[PDB]
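Residue numbers (the working numbering), protein chains in the order written: chain S, 2 to 144; chain C, 15 to 169; chain E, 5 to 120; chain G, 589 to 732.
Note that CB positions come from ideal geometry on N, CA and C, so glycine has one too.
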Amino acid sequence: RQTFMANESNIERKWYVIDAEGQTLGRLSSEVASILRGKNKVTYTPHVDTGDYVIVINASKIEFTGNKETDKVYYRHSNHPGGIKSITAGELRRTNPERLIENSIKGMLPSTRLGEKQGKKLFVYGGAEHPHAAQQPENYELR
Amino acid sequence: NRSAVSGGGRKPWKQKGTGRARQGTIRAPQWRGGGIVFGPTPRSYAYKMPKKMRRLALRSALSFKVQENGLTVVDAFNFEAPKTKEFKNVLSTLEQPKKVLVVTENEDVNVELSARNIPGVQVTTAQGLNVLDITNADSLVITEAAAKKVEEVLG
Amino acid sequence: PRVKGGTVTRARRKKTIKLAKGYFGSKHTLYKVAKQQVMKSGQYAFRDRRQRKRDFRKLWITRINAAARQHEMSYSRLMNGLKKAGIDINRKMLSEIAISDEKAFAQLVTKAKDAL
Amino acid sequence: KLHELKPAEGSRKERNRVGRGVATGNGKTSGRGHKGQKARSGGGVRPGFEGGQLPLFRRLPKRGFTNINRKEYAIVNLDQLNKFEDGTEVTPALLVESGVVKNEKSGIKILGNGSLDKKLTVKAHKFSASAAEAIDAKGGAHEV
RNA sequence: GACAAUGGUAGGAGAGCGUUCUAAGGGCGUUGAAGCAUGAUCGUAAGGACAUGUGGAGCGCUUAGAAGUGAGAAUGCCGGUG
RNA sequence: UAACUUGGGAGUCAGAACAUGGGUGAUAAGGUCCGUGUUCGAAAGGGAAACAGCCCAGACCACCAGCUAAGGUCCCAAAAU
RNA sequence: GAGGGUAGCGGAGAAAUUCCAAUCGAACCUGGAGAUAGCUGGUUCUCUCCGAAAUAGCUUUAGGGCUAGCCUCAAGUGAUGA
RNA sequence: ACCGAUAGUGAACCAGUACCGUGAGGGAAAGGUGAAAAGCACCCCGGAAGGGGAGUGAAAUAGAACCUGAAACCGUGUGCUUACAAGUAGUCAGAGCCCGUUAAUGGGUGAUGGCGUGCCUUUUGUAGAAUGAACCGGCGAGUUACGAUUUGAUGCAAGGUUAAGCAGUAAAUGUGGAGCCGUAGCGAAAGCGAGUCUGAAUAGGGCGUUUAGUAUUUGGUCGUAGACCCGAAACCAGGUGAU
C-alpha cells in the first residue's frame, strides 16, 4: 500500500477569474465544474476538497444557440396545491443573469455534502467589475 | 407418554374465535408438565454368537496372556484355615503384580475365603473362566490340575 | 440418560453478540437482531474486497490524466506512446512518480511523444 | 487391553440423524420433500397399491390346487456315495448318521448324477433308471 | 513436480465438532474444582486453550460403549421484563 | 469422452419470459393451446436510469498487478470537446 | 312467594328452530382416545463431491397416487457414446 | 451405563390441598444461611421501617426477602463525536483526537467519499402492501419391539445353526439336535428326475443343469404397532343437572 492521500494539512487553494463574453452557456459551465472539484490536480483525493475558487464576470452576453432564447423554459413548484411557475431562458438573462450561470454550473456537481461545499466557491457577476481584490485572482483561458 | 400422564382429557378452549394458538390437551409434548415422546423404555441388551466363536475368543485371551510372560504354574495351594496375611506373603514371594487372577479346579473354600479382601485379586475355577476376567487381570496364577483341566476342556 | 442444555447455548450466542459491538441500539444487545446484521456484514465484506481493486485503479488513472495534460497531451495518447516504447510501468507507479518527482515524469512524457 | 480396544476395520458405522440443521443436508424436511401424502406422519399407500388402477394380482386368474397326499423324497446323488469305503453296505439308518441325509421327509431316493467308482451295496426306498444301472454296472446290489 | 477440477434448490454419497452417562488406564484440586465475567489468543468449520477477578467442592485427559445428544420461527407452553 | 447391464436410495407430475413455426381470438391481450432453441427456476458479476426471463459472461481463497466482452469516452461518472 | 314434578334416541313449547344454569338444527362431565385428517403450520451442529423435474400412460382421477423418463452410489462389460 | 426441583408420581414443602363449578368433575405454585445460632450486646439519624459503626464468624456483597447469581430491562459518572441535514443503519477507503495488548504490519471514537430495499415460509415470480415472530431465558419433533430385504465385518464350510428347558452371581458359557436354511429341478396334479412340462413326435418351444452356502452383527429402506410433532367440525357408552 503506497498510495498518497491529500488532507487538510497540505491542501493549497488559489483564485481564478474567467470571462463569460461570447461563450456558449453549456460549453463554459462544463469546464468550470472540472475546476471547482479539483480534477486538474495531480493530488486529487475523492473524499477531501482540492479545487480552487472561480470568479465569473460579464455574466450578460452569454450566448445560446438555435431558438433557445424563447424555447428553453425553466419550471419550479412551490409545494402548494396547484402552484407551478415558469420562466423563459431569454427572460432570465436580462433580469437575473447571475442565477442563469449559477444554476447551470451547480447542475454539473454531485449532490453530496461535499458537493454543496464545492459549489460555494463560485462567484458570478453580471458586469466587468468584481470586489474580490484582497485576493490575487489570475486570468484563466478556456480549453 | 401422552396417555400415561395424569389428566388432560378436555380441550382447553374452543378451536376458533379467540386469538390464540389451537390446543387440544394440557399434556401435549410442548406444554410444561406434559407427556414425553420417543423416550427410554425397558428392554434387554444381550445377544449371542456361534459356539465356535465363544471358544476362539477364550483361547485368544489365554494365548495373549501367555505371550507377555503372565502365566505362573504352581503346586497345590495348601491352606487349612482362612488367613489373609499368609496369602499376601505368598503373593509377594512369587513376585506377582497388583492385579492377579488365580485359577483352580474345584471350589477351594480355604483359598477363596482369604485372598478376597485384597483389592485386586479374584479367585475362579476351571469351568468359570471369562474373557473379561482374563483381560482385566494383569497376570495369571494357576495350578497343574487346573491347567490340565483347562487344556482338556478347551481346544 | 437424560442430556440437558446449559453452558452450550449461552456460549455460542455470546460469540455472536461479541462480534456486533459498536452497532446502533439493539443491534449490539439482542441476539436475534445481531445475528442477522453479522451475516449481512460478511456478505458486504466479500463484495467490497473485490470492488476495492476497481476503486483504486480509477483514482490512479485520474491523476495520470491531470499530470499529462500539463504537457499538452491526453491520457489516451500517453499510454499508447508508452506501450509503443515498452515502459511496462503500471498505473500505481506512474501516479507515485508524478506526485513526488516532477521532473522524472517529464523524462517519461518525452519518450511517449518520441514514438508518437 | 481394556484401555486399548479397537473394533475390526470397516465393521461399524454411525447412524444418520435427520432434522438437525441445514448443514447436514437433511435439515428442514428431513428428506421427505414438499407437501404431499408421502410427506405426512403415518405414511402413504399400501405396499401393493390402493385405489387407482386395478392391481396386477387382481386381473390375472388363479391356477391349480394342492394335493393333501403329497410325498417328497430325500435325494442322494451318486457323487455323495463315494465317501463310503468300497465293499460296504449302505442303509437309511447310516446315511442319516454319517452326514449325507439330514431330514428324512418320506424316504430315500437315489439319483444318477455323477460317477460311482465303487462296489457298495445300497438299500433305499426308490431308485432311478440311471441310479440302478450305474450301481449294478460295477458290481453291487440294491433293494426296496 | 506437471497437468486437470472445485456456483447451486429438491435429493444421493463421504469425512468430522460438541454435549450427558459407563469401562479400563493415567492425572488435577482449599497453595483453590465446576459455574460466571473480561481480554488485543489458536484452528479451514463446527469449536479448543491461557491469564486475571468472583466462587467455595469437585473435575478433566486417552481408547472404547450407549443415547431423553445440538433450537430463531409451530397466532408454540411456562416465568420475568419493556 | 462417454455409453450399455445388474443391485441400494430418492425427489419431480402448479412452471415463466424472449425469439421463431402454427391453431384459437379480432393478423387484441403481460390471453390461451402445441412444435423448436435460450435464460430463470436452482446463477452471483458488467451493460439496459431503477427493472427473476433482454445483451455479455459461469464466483475455491487472498492482492492498493496486466489484457479484453457487451456497452461507452463535455460534467455528474473511468476513458477522444 | 313457599314446597314439589317432567332429563337429552329426552322434556316443554298460544309455534320463534323457542327454552332446558351468561352455551342448543340436538345440554354438560368422564371414558373408547394419542378417533380420522389425500389439508395448513413446524422439524435443532459444520465442512467436501455430484446434482434434477414441473413430462407420458392409467386412475371416483385432476393441488393425490403407481409404472416409465430425468439425479446419486456400488459392482460388472468395455469402445458399444458424441 | 434410571430423574435430579420447567426433571422425577398431580404432589421432595401440612396436595387431591389454595382455587374454580348447582353438581358430576377439573387443579396448581412453593426445596438450599453456617461446621456450629455462635441469629448482630452497645452507640448514632427516625414515629416506625431502613441504615452507619462496634462485635460473631474463615467469610455478613453468608443477616432468615439468606449457596452460586446469567440475559432482557432500569439508573449514576466519564474518553471520542453530534444542531444545513433524506439514513434496512452495515461494509470498503480515510484525516483528526485519546489509550497501551495473550506484542502484533496494536486498541477506542469517527469530519468526509464509493456500494448497498431485514429473516423465515410459500411460490412461475416476494423489499413486498402475502404468512409468522414485542424482548430475554428454560422446555419443545424419525424412536423402540418383532419380521423381510440389501450392504460391510467376522467364524466354519457340502455343510451352517440351535429354541424351550436345566445348571450358574437377575452374568459370561456349559448342556440341550424338537426344529430351520442349503446340497435338484420341472409339472395344476398323479409323477419323473439332470432333466421335466406341452405335444402323436427334443420335432420346436418354456423353465432348470450357476449346481456355496450358513449363523451373529454395524449401516440403509420396508411391514405390523399412534410410528416425525401439534391441530378439527363429529360418532358411540356410562353418569350429572328444572335454585
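Original post:
Quick one: is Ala729(G) buried, meaning 16 or more other Cβ sit within 10 Å of its Cβ, or exposed?
Top reply: What you label residue 729(G) is simply residue 141 of the fourth sequence in a count that begins at 1. Burial check for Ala729(G): the Cβ neighbour count within 10 Å stays below 16, so the residue is exposed.
Original post:
Are the C-beta atoms of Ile93(E) and some chain S residue less than 8 Å apart?
Top reply: For the purposes of this step, residue 93(E) is taken as residue 89 along the third sequence, with counting starting at 1. No, no contact with chain S.
Original post:
Hey, would you say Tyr75(S) sits closer than 8 Å to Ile85(S), going by beta carbons?
Top reply: As a first step, residue 75(S) is located in the first sequence; it is residue number 74 there, counting from the start. As a first step, residue 85(S) is located in the first sequence; it is residue number 84 there, counting from the start. No. Outside cutoff.
**OP:** Note down, in chain order, every chain E residue with its Cβ under 9 Å from the Cβ of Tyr141(S).
**Re:** Counted from its first residue, the first sequence places residue 141(S) at position 140. Result: empty, since nearest Cβ-Cβ is about 14 Å, beyond 9 Å.
Subject >> Integer-rounded CB distance, given that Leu29(S) should sit under 8 Å from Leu143(S) >> reply: As a working mapping, residue 143(S) is identified with position 142 in the first sequence. As a working mapping, residue 29(S) is identified with position 28 in the first sequence. Contact between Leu143(S) and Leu29(S) holds: CB atoms are separated by about 7 Å, below the 8 Å threshold.
Subject >> Helix, strand or coil at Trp16(S) according to DSSP, with G and I counted as helix >> reply: As a working mapping, residue 16(S) is identified with position 15 in the first sequence. Note: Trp16(S) maps to strand in three-state DSSP.
**OP:** Find the nearest neighbour of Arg130(C) within the set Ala18(C), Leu115(C), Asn144(C) and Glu166(C), judged by alpha-carbon distance.
**Re:** Your numbering for residue 130(C) matches position 116 in the second sequence. In terms of CA proximity to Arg130(C), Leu115(C) leads the group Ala18(C), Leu115(C), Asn144(C) and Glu166(C).
Original post:
Could you check where the beta strand (DSSP E) with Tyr54(S) kicks off and where it finishes?
Top reply: Along the first sequence, read from residue 1 onward, the residue named residue 54(S) stands at position 53. Unbroken beta strand (DSSP E) run through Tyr54(S): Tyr54 to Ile58.
Original post:
In the region 102-115 of chain E, which residues sit with their C-beta less than 7 Å from some C-beta in chain S, listed in chain order?
Top reply: When CB distances to chain S are screened at a threshold of 7 Å, the residues of the region 102-115 of chain E falling below it are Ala102 and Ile103, in chain order.
Original post:
By the criterion of Cβ-Cβ separation under 7 Å, what are the contact partners of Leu120(E) in chain S?
Top reply: As a first step, residue 120(E) must be located in the third sequence, where it is residue number 116. Correct list: empty, because the minimum Cβ distance to chain S is about 22 Å.
Original post:
Which partner residues of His730(G) appear in the DSSP bridge assignment?
Top reply: As a first step, residue 730(G) is located in the fourth sequence; it is residue number 142 there, counting from the start. Secondary-structure assignment with DSSP links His730(G) through a beta bridge to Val710(G).
**OP:** Classify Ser20(C) as buried or exposed, calling it buried when 16 or more other Cβ atoms lie within 10 Å of its own Cβ.
**Re:** In the second sequence, the residue the question calls residue 20(C) occupies position 6. By the neighbour-count rule (16 or more Cβ atoms within 10 Å), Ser20(C) is not buried but exposed.
**OP:** Enumerate in chain order the residues of its own chain whose CB-to-CB distance from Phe637(G) is below 7 Å, with the five nearest sequence positions on each side excluded.
**Re:** On the fourth sequence, residue 637(G) is found 49 positions in, with the first residue counted as 1. Excluding positions up to five away in sequence, the list reads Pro643.
Subject >> Proximal residues, the region 115-143 of chain S versus chain E, C-beta separation under 8 Å >> reply: Of all residues in the region 115-143 of chain S, none has a C-beta nearer than 8 Å to a C-beta of chain E.
Original post:
Going along the chain, which residues of the region 4-17 of chain S sit with their C-beta nearer than 8 Å to a C-beta in chain E?
Top reply: Using a CB distance below 8 Å, the part of the region 4-17 of chain S facing chain E consists of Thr4 and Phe5, ordered along the chain.
Original post:
Given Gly84(C), which residues of its chain have a CB within under 6 Å of its CB, disregarding the five upstream and five downstream residues?
Top reply: For the purposes of this step, residue 84(C) is taken as residue 70 along the second sequence, with counting starting at 1. Taking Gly84(C) as the centre and dropping the five residues before and after it, the same chain places the C-beta of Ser153 and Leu154 closer than 6 Å to its C-beta, in chain order.
Subject >> Residue environment, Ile50(C), which counts as buried when at least 16 other CB atoms sit within 10 Å >> reply: Sequence index remark: in the second sequence, residue 50(C) carries index 36 (1-based). Answer is exposed; the Cβ neighbour count stays below 16.
Original post:
What are the residues that DSSP puts in a beta bridge with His78(S)?
Top reply: Working through the first sequence from its first residue, we reach residue 78(S) at position 77. According to DSSP, which records beta bridges pairwise, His78(S) is partnered with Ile85(S).
**OP:** Going by DSSP, name the residue or residues bridged to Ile663(G).
**Re:** Position 75 of the fourth sequence, counted from the start, is the residue given in the question as residue 663(G). Bridge partners of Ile663(G): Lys697(G).
**OP:** Give a yes or no on whether the minimum CB-CB distance between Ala70(E) and chain S is below 8 Å.
**Re:** As a working note, residue 70(E) is residue 66 in the third sequence. For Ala70(E), the nearest beta carbon of chain S is closer than 8 Å to its own beta carbon.
Original post:
Taking the alpha helix (DSSP H) that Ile65(E) falls in, what are its first and last residues?
Top reply: Taking the third sequence and counting its residues from 1, one reaches residue 65(E) at position 61. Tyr35 to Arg73 is the span of the alpha helix (DSSP H), which, as asked, contains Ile65(E).
Original post:
Around the Cβ of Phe101(C), are there at least 16 other Cβ atoms within 10 angstroms (buried) or fewer (exposed)?
Top reply: Locating residue 101(C) in the second sequence gives position 87, where the first residue counts as 1. Looking at its Cβ environment, which holds 16 or more other Cβ atoms inside 10 Å, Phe101(C) is buried.
Original post:
When the cut-off is 8 Å and only beta carbons count, does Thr44(S) lie next to chain E?
Top reply: Counting from 1 along the first sequence, the entry for residue 44(S) is found at position 43. Yes, because at least one Cβ of chain E sits closer than 8 Å to the Cβ of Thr44(S).
Original post:
Span of the alpha helix (DSSP H) holding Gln29(C)?
Top reply: For this step, residue 29(C) is matched to residue 15 along the second sequence. Per DSSP, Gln29(C) belongs to no alpha helix (DSSP H) and is neither H nor E.
**OP:** Could you spell out where the beta strand (DSSP E) holding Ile156(C) opens and where it closes?
**Re:** Looking up residue 156(C) in the second sequence gives position 142. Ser153 to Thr157 is the extent of the beta strand (DSSP E) around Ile156(C).
**OP:** Find the nearest neighbour of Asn15(C) within the set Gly31(C), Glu121(C), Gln44(C) and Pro133(C), judged by alpha-carbon distance.
**Re:** Residue 15(C) sits at position 1 when you count from the first residue of the second sequence. Per the C-alpha coordinates, the member of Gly31(C), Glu121(C), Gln44(C) and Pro133(C) positioned closest to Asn15(C) is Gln44(C).
**OP:** Report all residues from its chain with a CB closer than 7 Å to the CB of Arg603(G); omit the five preceding and five following residues, and keep chain order.
**Re:** Position 15 of the fourth sequence holds residue 603(G). Excluding the 5 residues flanking it on each side, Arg603(G) has no same chain C-beta neighbour closer than 7 Å.
Original post:
Hey, is the region 49-64 of chain E in contact with the region 92-108 of chain E, meaning 3+ C-beta pairs nearer than 8 Å?
Top reply: The region 92-108 of chain E and the region 49-64 of chain E touch, with three or more beta-carbon pairs separated by less than 8 Å.
**OP:** Please say whether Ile148(C) and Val87(C) have beta carbons closer to each other than 8 Å?
**Re:** Taking the second sequence and counting its residues from 1, the one referred to as residue 87(C) is at position 73. Taking the second sequence and counting its residues from 1, the one referred to as residue 148(C) is at position 134. It is not a contact, given that the beta carbons lie outside the stated cut-off.
Original post:
For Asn68(S), does the three-state DSSP call read helix, strand or coil?
Top reply: In the first sequence, counting from the first residue as 1, residue 68(S) sits at position 67. Three-state DSSP puts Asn68(S) in coil, outside helix and strand.
Subject >> Interface flag, residue 130(E) vs chain S, CB-CB below 8 Å >> reply: Beyond the ends of chain E as shown, which are 5 and 120, falls residue 130(E); an answer cannot be given.
Subject >> Residues that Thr25(S) bridges to, as DSSP identifies them >> reply: Translated into the one-based positions of the first sequence, residue 25(S) becomes position 24. Checking the DSSP bridge columns, you'll see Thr25(S) partnered with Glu64(S).
Original post:
If we count Cβ pairs, one from each stretch, closer than 8 Å, do we get three or more for the region 114-132 of chain S versus the region 40-56 of chain S?
Top reply: Using a Cβ-Cβ distance cut-off of 8 Å, the region 114-132 of chain S and the region 40-56 of chain S are in contact, since at least three pairs of beta carbons, one from each stretch, lie closer than that value.
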